[PDB]
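Structure first, commentary second.
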Amino acid sequence: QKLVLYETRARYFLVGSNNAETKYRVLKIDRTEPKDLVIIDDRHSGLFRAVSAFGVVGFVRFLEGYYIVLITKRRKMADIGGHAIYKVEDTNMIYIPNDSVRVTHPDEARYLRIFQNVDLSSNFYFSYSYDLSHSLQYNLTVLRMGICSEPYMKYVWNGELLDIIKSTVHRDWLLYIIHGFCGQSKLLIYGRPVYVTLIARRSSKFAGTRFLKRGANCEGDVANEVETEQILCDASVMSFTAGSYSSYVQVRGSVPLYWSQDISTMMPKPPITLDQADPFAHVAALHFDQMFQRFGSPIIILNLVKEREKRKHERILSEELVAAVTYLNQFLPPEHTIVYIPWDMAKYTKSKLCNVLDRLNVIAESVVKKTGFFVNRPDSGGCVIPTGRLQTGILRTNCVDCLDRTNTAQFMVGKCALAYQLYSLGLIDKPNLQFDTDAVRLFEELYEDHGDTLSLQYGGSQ
(Lines give C-alpha, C1' and ligand atoms only; values in the text may rest on other atoms or scores of the structure.)
Protein backbone atom coordinates (compact mmCIF):
# COMPACT_ATOMS: atom_id res chain seq x y z
CA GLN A 1 0.00 0.00 0.00
CA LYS A 2 0.97 3.64 0.09
CA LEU A 3 3.77 4.58 2.45
CA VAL A 4 4.60 7.70 4.42
CA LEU A 5 8.03 8.98 5.36
CA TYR A 6 9.71 11.34 7.80
CA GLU A 7 13.19 12.65 7.19
CA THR A 8 15.43 14.13 9.82
CA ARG A 9 19.05 14.35 10.84
CA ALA A 10 18.73 10.82 12.13
CA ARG A 11 17.81 9.73 8.58
CA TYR A 12 14.63 8.42 6.95
CA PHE A 13 11.71 6.60 8.56
CA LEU A 14 9.03 4.83 6.53
CA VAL A 15 5.71 3.34 7.57
CA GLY A 16 2.55 2.19 5.86
CA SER A 17 0.04 4.96 5.33
CA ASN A 18 -2.71 2.77 6.70
CA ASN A 19 -1.80 0.94 9.83
CA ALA A 20 -3.76 -2.22 10.27
CA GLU A 21 -3.23 -4.07 13.51
CA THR A 22 -1.50 -3.01 16.68
CA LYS A 23 2.02 -3.88 15.70
CA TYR A 24 3.12 -1.95 12.67
CA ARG A 25 6.69 -1.97 11.48
CA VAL A 26 8.79 1.03 10.58
CA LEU A 27 11.79 0.92 8.28
CA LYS A 28 14.60 3.24 9.14
CA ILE A 29 17.58 4.04 7.00
CA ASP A 30 20.06 5.54 9.43
CA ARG A 31 22.26 8.60 8.95
CA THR A 32 24.78 7.30 11.47
CA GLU A 33 28.10 5.73 10.61
CA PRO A 34 26.09 2.90 9.40
CA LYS A 35 23.75 3.85 6.64
CA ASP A 36 22.12 0.61 7.53
CA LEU A 37 18.52 -0.34 7.11
CA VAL A 38 16.78 -1.14 10.33
CA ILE A 39 13.46 -2.41 11.59
CA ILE A 40 11.94 -0.36 14.30
CA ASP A 41 8.95 -0.41 16.56
CA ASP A 42 6.36 2.16 15.85
CA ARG A 43 8.65 4.88 17.14
CA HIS A 44 8.31 6.98 14.07
CA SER A 45 9.47 10.52 14.53
CA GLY A 46 6.84 12.72 16.10
CA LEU A 47 7.75 16.04 14.55
CA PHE A 48 8.32 16.80 10.87
CA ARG A 49 6.56 16.88 7.57
CA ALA A 50 5.11 13.59 6.59
CA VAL A 51 5.51 12.77 2.94
CA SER A 52 3.27 10.35 1.15
CA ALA A 53 4.66 8.14 -1.56
CA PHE A 54 3.19 5.38 -3.70
CA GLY A 55 5.95 2.92 -2.95
CA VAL A 56 9.43 2.44 -1.62
CA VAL A 57 11.11 0.62 -4.46
CA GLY A 58 14.18 -0.21 -2.41
CA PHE A 59 17.63 0.94 -1.41
CA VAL A 60 21.01 0.94 -3.10
CA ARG A 61 24.45 1.46 -1.70
CA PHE A 62 26.46 3.65 -3.96
CA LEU A 63 29.94 3.64 -2.65
CA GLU A 64 29.75 4.80 0.95
CA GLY A 65 26.16 6.03 1.15
CA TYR A 66 22.86 4.25 0.90
CA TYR A 67 20.03 5.85 -1.02
CA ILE A 68 16.34 5.15 -0.92
CA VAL A 69 14.64 4.79 -4.26
CA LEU A 70 11.06 5.95 -4.15
CA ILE A 71 8.12 6.13 -6.49
CA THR A 72 6.48 9.34 -5.33
CA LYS A 73 3.43 9.37 -7.55
CA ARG A 74 1.68 7.10 -10.02
CA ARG A 75 -1.12 7.21 -12.55
CA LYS A 76 -3.69 4.50 -13.13
CA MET A 77 -3.13 2.94 -16.54
CA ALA A 78 -5.54 0.06 -16.19
CA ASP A 79 -8.12 -1.79 -14.11
CA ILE A 80 -9.01 -5.44 -14.47
CA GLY A 81 -11.16 -7.56 -12.17
CA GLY A 82 -10.89 -4.95 -9.44
CA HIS A 83 -7.13 -4.68 -9.68
CA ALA A 84 -5.58 -1.35 -10.51
CA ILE A 85 -2.37 -1.10 -12.50
CA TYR A 86 -0.19 1.96 -11.93
CA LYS A 87 2.70 3.51 -13.81
CA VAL A 88 5.34 5.33 -11.80
CA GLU A 89 5.12 9.02 -12.65
CA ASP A 90 7.69 10.71 -10.44
CA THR A 91 10.55 9.11 -8.57
CA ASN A 92 13.26 10.29 -6.24
CA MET A 93 16.66 9.16 -5.04
CA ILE A 94 17.02 10.19 -1.44
CA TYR A 95 20.08 10.27 0.69
CA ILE A 96 20.54 10.63 4.41
CA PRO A 97 23.23 13.25 4.21
CA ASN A 98 21.58 16.64 3.56
CA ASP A 99 24.33 18.01 1.35
CA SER A 100 27.15 15.68 2.13
CA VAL A 101 29.69 16.97 -0.31
CA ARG A 102 32.61 15.18 1.26
CA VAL A 103 30.86 11.91 1.00
CA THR A 104 30.17 12.66 -2.59
CA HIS A 105 32.99 12.27 -5.00
CA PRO A 106 32.91 11.86 -8.70
CA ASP A 107 32.78 8.10 -8.59
CA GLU A 108 29.65 8.02 -6.53
CA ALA A 109 28.09 10.91 -8.40
CA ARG A 110 28.55 9.09 -11.66
CA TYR A 111 26.79 6.04 -10.37
CA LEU A 112 23.74 8.05 -9.38
CA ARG A 113 23.75 9.68 -12.79
CA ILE A 114 23.65 6.28 -14.42
CA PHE A 115 20.75 5.19 -12.29
CA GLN A 116 18.90 8.40 -12.92
CA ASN A 117 19.24 7.87 -16.62
CA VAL A 118 17.71 4.43 -16.34
CA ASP A 119 14.85 5.52 -14.12
CA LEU A 120 14.03 8.34 -16.51
CA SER A 121 14.27 6.21 -19.63
CA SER A 122 12.17 3.31 -18.37
CA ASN A 123 8.46 2.96 -17.59
CA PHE A 124 7.76 0.91 -14.49
CA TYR A 125 4.42 -0.51 -13.47
CA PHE A 126 3.01 -2.27 -10.45
CA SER A 127 -0.27 -3.22 -8.84
CA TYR A 128 -0.79 -3.41 -5.10
CA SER A 129 -3.33 -6.25 -5.42
CA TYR A 130 -2.16 -8.12 -8.52
CA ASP A 131 1.27 -9.54 -9.30
CA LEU A 132 2.30 -8.04 -12.66
CA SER A 133 5.56 -9.98 -12.75
CA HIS A 134 3.60 -13.15 -13.45
CA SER A 135 1.21 -14.14 -16.19
CA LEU A 136 -2.40 -14.69 -15.29
CA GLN A 137 -1.86 -18.40 -15.72
CA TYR A 138 1.10 -18.38 -13.32
CA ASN A 139 -0.80 -16.27 -10.82
CA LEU A 140 -3.56 -18.82 -10.97
CA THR A 141 -1.11 -21.48 -9.86
CA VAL A 142 0.32 -19.39 -7.03
CA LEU A 143 -3.11 -18.82 -5.54
CA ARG A 144 -2.77 -16.86 -2.29
CA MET A 145 -2.88 -13.58 -4.25
CA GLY A 146 0.61 -12.55 -3.22
CA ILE A 147 3.20 -11.64 -2.29
CA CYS A 148 6.77 -10.68 -3.26
CA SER A 149 7.87 -14.19 -2.40
CA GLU A 150 5.75 -15.43 -5.35
CA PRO A 151 6.92 -12.99 -7.99
CA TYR A 152 8.73 -14.08 -11.03
CA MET A 153 12.34 -13.24 -10.42
CA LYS A 154 13.10 -12.66 -14.07
CA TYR A 155 10.61 -9.78 -14.17
CA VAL A 156 10.97 -8.38 -10.62
CA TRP A 157 12.78 -5.26 -11.67
CA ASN A 158 13.64 -4.03 -8.20
CA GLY A 159 14.69 -7.41 -6.90
CA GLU A 160 18.19 -6.23 -6.10
CA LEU A 161 17.02 -2.95 -4.57
CA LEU A 162 14.83 -5.02 -2.22
CA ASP A 163 17.69 -7.15 -0.87
CA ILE A 164 17.91 -5.65 2.61
CA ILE A 165 14.16 -5.64 3.09
CA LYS A 166 13.74 -9.18 1.83
CA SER A 167 16.23 -10.31 4.40
CA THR A 168 14.26 -8.72 7.21
CA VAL A 169 10.85 -9.73 5.86
CA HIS A 170 8.40 -6.77 6.07
CA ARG A 171 6.09 -7.81 3.25
CA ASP A 172 4.02 -4.66 3.15
CA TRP A 173 7.08 -2.68 2.14
CA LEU A 174 8.09 -4.96 -0.71
CA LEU A 175 6.26 -4.17 -3.91
CA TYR A 176 7.57 -5.81 -7.04
CA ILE A 177 7.29 -1.68 -11.96
CA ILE A 178 7.40 -3.20 -15.46
CA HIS A 179 9.29 -1.87 -18.48
CA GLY A 180 7.18 -2.30 -21.63
CA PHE A 181 3.50 -1.38 -22.10
CA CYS A 182 0.05 -1.70 -20.53
CA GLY A 183 -3.24 -0.30 -21.76
CA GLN A 184 -6.91 -1.15 -21.95
CA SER A 185 -9.75 0.06 -24.12
CA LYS A 186 -13.49 -0.16 -23.69
CA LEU A 187 -15.50 -1.51 -26.56
CA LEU A 188 -18.88 -2.99 -27.33
CA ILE A 189 -19.52 -6.10 -29.34
CA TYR A 190 -23.02 -7.33 -30.01
CA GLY A 191 -24.34 -5.14 -27.23
CA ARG A 192 -21.97 -6.69 -24.76
CA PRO A 193 -19.72 -4.25 -23.05
CA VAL A 194 -16.13 -5.38 -23.18
CA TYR A 195 -12.71 -4.42 -21.92
CA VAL A 196 -9.68 -5.35 -24.00
CA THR A 197 -6.17 -5.03 -22.65
CA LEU A 198 -2.62 -5.61 -23.79
CA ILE A 199 0.48 -5.75 -21.65
CA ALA A 200 4.09 -6.33 -22.60
CA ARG A 201 6.71 -6.86 -19.92
CA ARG A 202 10.38 -6.84 -20.84
CA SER A 203 13.00 -8.81 -19.00
CA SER A 204 15.55 -7.34 -16.66
CA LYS A 205 18.80 -9.22 -17.15
CA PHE A 206 20.29 -11.40 -14.88
CA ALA A 207 22.52 -13.00 -12.32
CA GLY A 208 25.81 -14.66 -13.15
CA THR A 209 29.54 -14.07 -12.82
CA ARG A 210 29.83 -12.86 -16.41
CA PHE A 211 27.33 -11.52 -18.93
CA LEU A 212 26.24 -10.97 -22.53
CA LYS A 213 22.83 -9.80 -23.79
CA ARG A 214 22.35 -12.20 -26.66
CA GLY A 215 21.87 -15.88 -25.98
CA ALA A 216 21.50 -18.00 -22.87
CA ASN A 217 23.79 -18.44 -19.87
CA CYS A 218 24.83 -21.78 -18.37
CA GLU A 219 21.83 -21.48 -16.04
CA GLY A 220 19.46 -21.32 -19.01
CA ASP A 221 18.52 -17.63 -18.72
CA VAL A 222 18.36 -15.64 -22.00
CA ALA A 223 18.40 -12.11 -20.57
CA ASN A 224 16.45 -10.60 -23.41
CA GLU A 225 12.91 -11.82 -23.18
CA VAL A 226 9.42 -10.34 -23.30
CA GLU A 227 5.94 -11.59 -22.56
CA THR A 228 3.00 -10.13 -24.43
CA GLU A 229 -0.39 -10.76 -22.92
CA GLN A 230 -3.83 -10.10 -24.33
CA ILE A 231 -6.58 -9.87 -21.77
CA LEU A 232 -10.32 -9.58 -22.05
CA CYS A 233 -13.19 -9.03 -19.62
CA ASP A 234 -16.78 -9.63 -20.74
CA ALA A 235 -20.20 -10.54 -19.40
CA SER A 236 -22.18 -13.48 -20.66
CA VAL A 237 -25.32 -11.99 -22.11
CA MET A 238 -27.27 -15.19 -21.80
CA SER A 239 -28.44 -16.27 -18.40
CA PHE A 240 -27.55 -14.37 -15.30
CA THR A 241 -24.82 -12.09 -16.44
CA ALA A 242 -21.66 -13.73 -15.28
CA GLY A 243 -18.38 -11.97 -15.75
CA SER A 244 -15.65 -13.83 -17.55
CA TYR A 245 -12.01 -12.89 -17.71
CA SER A 246 -9.52 -14.24 -20.22
CA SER A 247 -5.79 -14.09 -20.78
CA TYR A 248 -3.67 -15.21 -23.72
CA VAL A 249 0.11 -15.05 -23.42
CA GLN A 250 2.95 -15.14 -25.96
CA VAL A 251 6.71 -14.85 -25.57
CA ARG A 252 9.58 -13.38 -27.57
CA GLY A 253 13.24 -13.66 -26.75
CA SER A 254 16.83 -14.24 -27.78
CA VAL A 255 17.63 -17.49 -29.51
CA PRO A 256 18.64 -19.81 -26.74
CA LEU A 257 22.23 -20.37 -27.96
CA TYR A 258 25.08 -20.24 -25.49
CA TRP A 259 26.24 -16.64 -25.09
CA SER A 260 29.74 -17.49 -26.20
CA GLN A 261 29.62 -15.96 -29.62
CA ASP A 262 32.33 -14.84 -31.95
CA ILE A 263 31.34 -11.32 -32.59
CA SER A 264 34.00 -10.56 -35.12
CA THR A 265 31.68 -9.22 -37.73
CA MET A 266 34.58 -7.11 -38.72
CA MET A 267 36.60 -10.20 -39.55
CA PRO A 268 35.40 -13.00 -41.73
CA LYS A 269 32.07 -14.60 -41.09
CA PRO A 270 31.84 -16.66 -38.00
CA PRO A 271 30.71 -20.24 -37.88
CA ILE A 272 29.56 -20.58 -34.21
CA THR A 273 30.98 -23.52 -32.35
CA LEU A 274 27.87 -25.19 -31.17
CA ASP A 275 29.52 -27.83 -29.19
CA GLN A 276 32.65 -29.75 -29.71
CA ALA A 277 31.99 -29.72 -26.01
CA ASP A 278 28.36 -29.46 -25.28
CA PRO A 279 27.36 -25.99 -24.07
CA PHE A 280 24.90 -25.24 -26.86
CA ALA A 281 23.00 -28.42 -26.28
CA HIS A 282 23.24 -28.02 -22.53
CA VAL A 283 22.26 -24.39 -22.32
CA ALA A 284 19.38 -24.79 -24.71
CA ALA A 285 18.13 -27.81 -22.83
CA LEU A 286 18.25 -25.94 -19.55
CA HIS A 287 16.49 -22.97 -21.08
CA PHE A 288 13.78 -25.13 -22.54
CA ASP A 289 13.25 -26.96 -19.27
CA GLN A 290 12.49 -23.62 -17.66
CA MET A 291 10.24 -22.59 -20.51
CA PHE A 292 8.31 -25.80 -20.35
CA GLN A 293 7.86 -25.33 -16.66
CA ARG A 294 6.45 -21.86 -16.99
CA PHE A 295 4.52 -22.08 -20.25
CA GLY A 296 3.99 -25.76 -20.03
CA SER A 297 2.48 -27.72 -22.76
CA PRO A 298 4.45 -27.06 -25.73
CA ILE A 299 6.57 -24.19 -26.69
CA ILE A 300 6.14 -23.66 -30.37
CA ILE A 301 9.09 -21.79 -31.66
CA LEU A 302 8.64 -19.63 -34.70
CA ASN A 303 11.76 -18.65 -36.59
CA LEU A 304 11.31 -16.37 -39.58
CA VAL A 305 13.65 -17.33 -42.40
CA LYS A 306 13.51 -14.41 -44.87
CA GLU A 307 16.45 -15.62 -46.98
CA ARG A 308 16.82 -16.20 -50.72
CA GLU A 309 20.10 -18.03 -50.26
CA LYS A 310 20.80 -17.32 -53.87
CA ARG A 311 22.94 -14.68 -52.27
CA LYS A 312 23.25 -17.51 -49.81
CA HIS A 313 22.36 -15.16 -47.06
CA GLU A 314 22.76 -17.70 -44.34
CA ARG A 315 22.91 -16.76 -40.72
CA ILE A 316 25.05 -18.70 -38.33
CA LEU A 317 22.66 -18.31 -35.41
CA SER A 318 19.69 -19.28 -37.54
CA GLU A 319 21.07 -22.65 -38.55
CA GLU A 320 22.42 -23.19 -35.07
CA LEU A 321 19.01 -22.88 -33.50
CA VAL A 322 17.37 -25.42 -35.75
CA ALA A 323 20.13 -27.96 -35.46
CA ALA A 324 20.12 -27.71 -31.70
CA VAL A 325 16.38 -27.98 -31.44
CA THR A 326 16.32 -30.96 -33.75
CA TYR A 327 19.21 -32.52 -31.91
CA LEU A 328 17.43 -32.32 -28.58
CA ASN A 329 14.27 -33.74 -30.07
CA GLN A 330 12.45 -33.06 -26.84
CA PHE A 331 10.51 -36.01 -25.51
CA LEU A 332 8.87 -36.83 -22.22
CA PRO A 333 5.08 -36.82 -22.09
CA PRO A 334 3.51 -37.65 -25.37
CA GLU A 335 4.54 -35.14 -28.00
CA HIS A 336 7.98 -33.70 -28.39
CA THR A 337 7.24 -30.78 -26.08
CA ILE A 338 8.98 -28.24 -28.19
CA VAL A 339 8.00 -27.72 -31.78
CA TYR A 340 10.03 -25.76 -34.27
CA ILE A 341 8.79 -23.91 -37.31
CA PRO A 342 10.85 -21.98 -39.75
CA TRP A 343 8.53 -19.68 -41.58
CA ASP A 344 8.92 -17.47 -44.60
CA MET A 345 7.11 -14.22 -44.10
CA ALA A 346 7.88 -11.89 -46.98
CA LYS A 347 6.46 -8.88 -48.80
CA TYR A 348 4.44 -7.47 -50.34
CA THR A 349 3.76 -6.61 -46.72
CA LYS A 350 0.17 -5.51 -46.93
CA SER A 351 -1.32 -8.48 -48.70
CA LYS A 352 0.94 -11.43 -49.30
CA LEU A 353 2.57 -10.97 -45.92
CA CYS A 354 -0.68 -11.26 -43.99
CA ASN A 355 -1.76 -14.19 -46.08
CA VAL A 356 1.38 -16.01 -45.07
CA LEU A 357 0.62 -15.27 -41.39
CA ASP A 358 -2.62 -17.19 -41.64
CA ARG A 359 -0.68 -19.99 -43.27
CA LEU A 360 1.70 -19.97 -40.33
CA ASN A 361 -1.22 -20.36 -37.99
CA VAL A 362 -2.49 -23.30 -39.98
CA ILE A 363 0.83 -25.07 -39.76
CA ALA A 364 1.06 -24.36 -36.07
CA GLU A 365 -2.53 -25.57 -35.82
CA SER A 366 -1.52 -29.04 -36.82
CA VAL A 367 0.47 -28.85 -33.60
CA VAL A 368 -1.39 -25.99 -31.40
CA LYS A 369 -4.96 -24.99 -30.38
CA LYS A 370 -6.97 -21.73 -30.42
CA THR A 371 -8.86 -22.87 -27.34
CA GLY A 372 -5.71 -22.80 -25.26
CA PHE A 373 -6.11 -19.69 -23.13
CA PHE A 374 -6.70 -18.77 -19.49
CA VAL A 375 -10.34 -18.24 -18.55
CA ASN A 376 -12.03 -17.63 -15.22
CA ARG A 377 -15.44 -16.51 -13.99
CA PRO A 378 -15.50 -13.88 -11.30
CA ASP A 379 -18.43 -12.77 -9.16
CA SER A 380 -19.58 -9.29 -8.56
CA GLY A 381 -16.86 -8.29 -6.21
CA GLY A 382 -14.27 -9.51 -8.66
CA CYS A 383 -13.31 -12.70 -6.85
CA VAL A 384 -12.84 -15.86 -8.85
CA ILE A 385 -15.58 -18.39 -8.65
CA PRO A 386 -14.47 -20.84 -11.34
CA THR A 387 -11.41 -21.54 -13.44
CA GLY A 388 -12.71 -22.67 -16.79
CA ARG A 389 -9.35 -23.19 -18.43
CA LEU A 390 -5.63 -22.61 -18.18
CA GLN A 391 -3.21 -21.96 -21.03
CA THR A 392 -0.92 -24.93 -21.58
CA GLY A 393 1.33 -23.76 -24.37
CA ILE A 394 3.05 -20.72 -25.78
CA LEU A 395 4.19 -19.47 -29.17
CA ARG A 396 7.68 -18.04 -28.91
CA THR A 397 9.09 -15.68 -31.53
CA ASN A 398 12.67 -14.44 -31.87
CA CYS A 399 14.00 -11.11 -30.71
CA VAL A 400 16.39 -11.14 -33.64
CA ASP A 401 13.66 -11.14 -36.28
CA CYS A 402 12.17 -7.81 -37.24
CA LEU A 403 9.97 -6.41 -34.52
CA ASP A 404 7.72 -5.33 -37.34
CA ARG A 405 7.21 -8.87 -38.54
CA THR A 406 6.99 -10.45 -35.10
CA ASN A 407 4.47 -7.93 -33.91
CA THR A 408 2.36 -8.87 -36.88
CA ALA A 409 2.61 -12.54 -36.07
CA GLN A 410 1.67 -11.87 -32.47
CA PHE A 411 -1.24 -9.62 -33.39
CA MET A 412 -2.75 -12.09 -35.82
CA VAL A 413 -2.40 -15.01 -33.47
CA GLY A 414 -4.09 -13.05 -30.73
CA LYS A 415 -7.02 -12.33 -33.05
CA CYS A 416 -7.50 -16.02 -33.76
CA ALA A 417 -7.56 -16.79 -30.04
CA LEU A 418 -9.83 -13.85 -29.29
CA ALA A 419 -12.52 -15.26 -31.52
CA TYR A 420 -12.69 -18.40 -29.42
CA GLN A 421 -12.79 -16.45 -26.23
CA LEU A 422 -15.71 -14.46 -27.61
CA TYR A 423 -17.35 -17.75 -28.62
CA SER A 424 -16.92 -19.15 -25.15
CA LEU A 425 -18.81 -16.29 -23.53
CA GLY A 426 -21.42 -16.54 -26.25
CA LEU A 427 -20.76 -12.94 -27.12
CA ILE A 428 -20.48 -13.90 -30.75
CA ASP A 429 -21.85 -16.76 -32.72
CA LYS A 430 -19.54 -18.76 -34.91
CA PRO A 431 -18.85 -15.72 -37.13
CA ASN A 432 -15.84 -13.40 -37.31
CA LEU A 433 -15.44 -10.69 -34.70
CA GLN A 434 -13.27 -8.64 -37.05
CA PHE A 435 -16.31 -7.56 -39.00
CA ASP A 436 -17.12 -5.07 -36.26
CA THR A 437 -15.27 -2.08 -37.69
CA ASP A 438 -14.97 0.06 -34.61
CA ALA A 439 -13.77 -2.84 -32.53
CA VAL A 440 -11.12 -3.83 -35.03
CA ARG A 441 -9.88 -0.29 -35.15
CA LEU A 442 -9.55 -0.21 -31.39
CA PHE A 443 -7.79 -3.56 -31.48
CA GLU A 444 -5.40 -2.48 -34.23
CA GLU A 445 -4.49 0.73 -32.44
CA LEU A 446 -3.83 -1.10 -29.23
CA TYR A 447 -1.32 -3.39 -30.95
CA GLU A 448 0.22 -0.57 -32.96
CA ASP A 449 0.94 1.34 -29.78
CA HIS A 450 2.48 -1.75 -28.29
CA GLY A 451 4.94 -2.11 -31.14
CA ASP A 452 5.92 1.52 -30.81
CA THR A 453 6.50 1.20 -27.10
CA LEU A 454 8.48 -2.03 -27.39
CA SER A 455 10.73 -0.92 -30.28
CA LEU A 456 12.65 0.86 -27.51
CA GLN A 457 15.44 -1.73 -27.45
CA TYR A 458 17.34 -0.60 -30.53
CA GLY A 459 16.87 1.49 -33.58
CA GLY A 460 18.11 -0.14 -36.65
CA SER A 461 19.58 -2.94 -38.60
CA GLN A 462 21.75 -2.68 -41.64
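Within segment 310-346, which residues are assigned to a loop (DSSP other than H, G, I, E, B), on the phi < 0 side of the Ramachandran plot and surrounded by 10 or more Cβ atoms within 10 Å (Cβ to Cβ)?
Residues satisfying the conditions are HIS313, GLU314, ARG315, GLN330, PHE331, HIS336, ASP344, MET345, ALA346.
If you check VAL251, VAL222, which single one turns out to be in contact with a helix residue (DSSP H, G or I) (Cβ under 9 Å, 6 or more places away or on another chain), in a loop (DSSP other than H, G, I, E, B) and surrounded by 17 or more Cβ atoms within 10 Å (Cβ to Cβ)?
Answer to the selection: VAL222.
So which residues in segment 84-105 are touching a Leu at 6+ places or on another chain (Cβ under 9 Å), surrounded by 14 or more Cβ atoms within 10 Å (Cβ to Cβ) and in a loop (DSSP other than H, G, I, E, B), if there are any at all?
Answer for segment 84-105, where residues must be touching a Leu at 6+ places or on another chain (Cβ under 9 Å), surrounded by 14 or more Cβ atoms within 10 Å (Cβ to Cβ) and in a loop (DSSP other than H, G, I, E, B): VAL103, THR104.
Just one of the numbered conditions (1) surrounded by fewer than 20 Cβ atoms within 10 Å (Cβ to Cβ); (2) farther than 18 Å from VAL56 by Cβ is not true of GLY146; which one?
Tallying (1) surrounded by fewer than 20 Cβ atoms within 10 Å (Cβ to Cβ); (2) farther than 18 Å from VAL56 by Cβ, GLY146 fails exactly one: (2).
Looking at segment 14-36, which of the residues that are within 15 Å of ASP172 (Cβ to Cβ) and among the hydrophobic types (A, V, I, L, M, F, W, C) is surrounded by the fewest Cβ atoms within 10 Å (Cβ to Cβ)?
So the residue we want is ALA20.
Let's see how each residue does on (1) out of contact with any helix residue (DSSP H, G or I) (no Cβ under 9 Å at 6 or more places or on another chain); (2) closer than 25 Å to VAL156 by Cα; (3) among the acidic types (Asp, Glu); (4) assigned to a loop (DSSP other than H, G, I, E, B):
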| position | (1), (2), (3), (4) |
| --- | --- |
| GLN1 | no, yes, no, yes |
| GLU21 | yes, no, yes, yes |
| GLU33 | yes, no, yes, yes |
| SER45 | yes, no, no, yes |
| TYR66 | no, yes, no, no |
| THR72 | yes, yes, no, no |
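Can we say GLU307 is assigned to a loop (DSSP other than H, G, I, E, B), touching a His at 6+ places or on another chain (Cβ under 7 Å) and in the same structural domain as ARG396 (by TED's automatic domain parsing)?
On the way: assigned to a loop (DSSP other than H, G, I, E, B): yes; touching a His at 6+ places or on another chain (Cβ under 7 Å): yes; in the same structural domain as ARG396 (by TED's automatic domain parsing): yes.
So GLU307 fits the description; yes.
What's the number of the only condition in (1) of a type in the set (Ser, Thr, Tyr); (2) in the same structural domain as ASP234 (by TED's automatic domain parsing); (3) not in a loop (DSSP other than H, G, I, E, B) that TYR447 fails to meet?
The single condition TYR447 does not satisfy is (2).
Could you please give the count of residues in segment 232-275 that are of a type in the set (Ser, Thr, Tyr) and under 22 Å from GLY414 (Cα atoms)?
7
Which condition number does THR209 fail, the rest of (1) in the same structural domain as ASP289 (by TED's automatic domain parsing); (2) out of contact with any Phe, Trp or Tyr (no Cβ under 8 Å at 6 or more places or on another chain); (3) part of a strand (DSSP E or B); (4) not charged (D, E, K, R) being met?
The single condition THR209 does not satisfy is (3).
All of this is worked out from the model, or read from it or from the source named; these are not laboratory values. For neighbour counting, all protein chains shown are included, and Cβ atoms are generated from backbone atoms with ideal geometry for every residue, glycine included.
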